[PDB]
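In the form deposited in one PDB entry, a lone chain appears below as structure tokens.
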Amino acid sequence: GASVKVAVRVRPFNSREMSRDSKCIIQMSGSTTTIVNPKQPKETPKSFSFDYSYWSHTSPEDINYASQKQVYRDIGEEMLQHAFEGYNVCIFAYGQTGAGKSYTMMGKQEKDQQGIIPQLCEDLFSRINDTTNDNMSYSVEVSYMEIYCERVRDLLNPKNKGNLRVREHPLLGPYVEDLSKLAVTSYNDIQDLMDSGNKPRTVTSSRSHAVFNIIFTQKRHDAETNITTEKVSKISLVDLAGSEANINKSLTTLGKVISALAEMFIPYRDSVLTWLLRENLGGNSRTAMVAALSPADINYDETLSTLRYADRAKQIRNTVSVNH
């Protein structure tokens, strides 16, 4: 029994917003985020409470600013530790187009702005390499895919122009048939794959989803008999397309799955995204949602919609057990 962790993050104004002289309608204090409706200024502002509240509207010179490193060391390290404990984990970024989902998950591979995914990978390998018990050995395999109009593309295998089939293994759940799963032995190798994968994405409103998966295997060697008990945790880091057809089936279905789970049949199979993430939503997985928010008055409805779906997500609870 573990509830879905939910964080909200508000970014700086973008060019569109500055050009319309947008005012900031988002306020944050502690774990409370309040949104002002520019349309009805005298109506009571709506407040929401979340596990994490990242005020990233200003800049690093600000004392209360939430940087990439701070967002990661917070929710990121939390989930990585769960993976070390043997739990499957998932972190997905959700929000309006341009709200800051990719910046939070991937960031920029330059000076100081790496997002959750690169940092977690670096942290994962750093920890593995600091192991001092020779009875422990590890394996790290990675997969990276894109879901566009219900079709799946293998980002680590651009050579291939066929969309992979999402299937249901009779006993082990959903999987992408013939999706590349590469073993990596260093942060540098996994980062090259990440960079290669990011470049083959399409290709400026995204309407594809990106799923970066890591299969982290921990092998404990028992000295006396020679059996090696395995510990496997799947780490799924998701960067969703923004919210505003076959192009939008996945996002709408996710909304319904999230609402249904919060309400407690579920249309998991109604879309490739919810099908593949079935166990992370209501299964054996420690899951977190990072809701990206625009700070601008002009996006009140979209932002309010995001806050509401993030509020429901908070109510989801999943039965978790360590994979030993």
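Between two forms, the rigid core is the largest collection of C-alphas that superpose within 1.5 Å. Just count from 1 along the sequence shown to find any residue number.
Another form, the form deposited in another entry, is not on view; read the next lines as being about it.
After fitting the rigid core, tell me which of 102, 191, 253, 143 has its Cα displaced by at least 2 Å between the shown form and the other one.
The answer here is 253.
Does the C-alpha of residue 278 move 2 Å or more between the shown form and the other one once the rigid core is lined up?
Residue 278: C-alpha displaced by 2 Å or more between the shown form and the other one.
Examine residue 30 after superposing the rigid core and state whether its CA is displaced by 2 Å or more between the shown form and the other one.
Shift at residue 30: below 2 Å after core fit.
Take the rigid core as the frame of reference and indicate whether the C-alpha of residue 59 shifts by 2 Å or more between the shown form and the other one.
Result for residue 59: no, shift under 2 Å.
Versus the form shown, are the CA atoms of residue 79 and residue 259 closer or farther apart in that other deposited form, given a shift of 3 angstroms or more?
Nearer in that other deposited form, by 3 Å or more.
Given that the CA-CA distance for residue 300 and residue 281 shifts by 3 Å or more in that other deposited form, does it become closer or farther?
Distance between the C-alphas of residue 300 and residue 281: longer in that other deposited form, by 3 Å or more.
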